[PDB]
Amino acid sequence: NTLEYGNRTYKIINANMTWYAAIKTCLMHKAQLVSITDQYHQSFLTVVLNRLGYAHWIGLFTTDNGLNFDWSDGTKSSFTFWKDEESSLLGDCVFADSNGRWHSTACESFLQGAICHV
Ligand SMILES: *[C@@H]1O[C@H](CO)[C@@H](O)[C@H](O)[C@H]1NC(C)=O
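Looking at the method and resolution fields of the entry, one finds X-ray crystallography and 1.778 Å.

Under the PDB entry, the name given to the protein is Secretory phospholipase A2 receptor, and the source organism is Homo sapiens.

Points about the side chain of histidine 56
Tracing the backbone through its elements, the reader meets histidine 56 in strand β4 (residues 56-61). Reaching out from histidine 56, the side chain makes a polar contact with the backbone oxygen of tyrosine 54 at a distance of 2.8 Å. Apart from the residues within four sequence positions on either side, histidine 56 is in contact with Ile12, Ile13, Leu49, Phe95, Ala96, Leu111, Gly113, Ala114 and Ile115.

Here's the deal with the environment of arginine 101
By the secondary structure assignment, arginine 101 is in the loop between β6 (93-96) and β7 (102-105). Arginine 101 sits 17 residues away from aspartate 84 along the chain, and the two C-alpha atoms are 8.6 Å apart. Aside from chain neighbours lying at most four places away, what touches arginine 101 is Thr46, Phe81, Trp82, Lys83, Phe95 and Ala96. A polar side-chain atom of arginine 101 sits 2.7 Å from the main-chain carbonyl oxygen of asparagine 99.

Calculation rules
Residues numbered from 1 in each chain as written, not as in the entry; some residues may be left out. Heavy atoms only, no water. Helix = DSSP H or I, 4+ residues; strand = E, 2+ residues; numbered from the N terminus. Polar contact = N/O pair within 3.5 Å; in protein donor to acceptor, adjacent residues only side chain to side chain. Contact = heavy atoms within 4.5 Å.

This is the structure we're talking about:
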């Protein structure tokens, strides 16, 4: 499913995927697992997620036990949208819940969605 917002094209994937498989699946659709750099793009995706009702992988990850989180598509930005204190602490790869808020978890976990953008 393809959506437009701002000057951005989003693709919403519904498939059983680990975070690594979401990286792959987005690329197979000529896109990249999403980076979320401000409150406006976040609010657009919150509406999308709340209408779908289930968690989607996003392109944020850490290799230093959560000291630093980076976007897989290379974007540099200060914006964060964590659910709570604990959510930044629980794992290496990040998803957005059905209310748009971010959580970290094991990259080998399975979710049924990913958000990509071009
Ligand atoms: C997702 O794929 C994994 C790996 O094959 C499988 O073990 C798991 O049961 C699947 N989950 C769903 C909901 O299809």
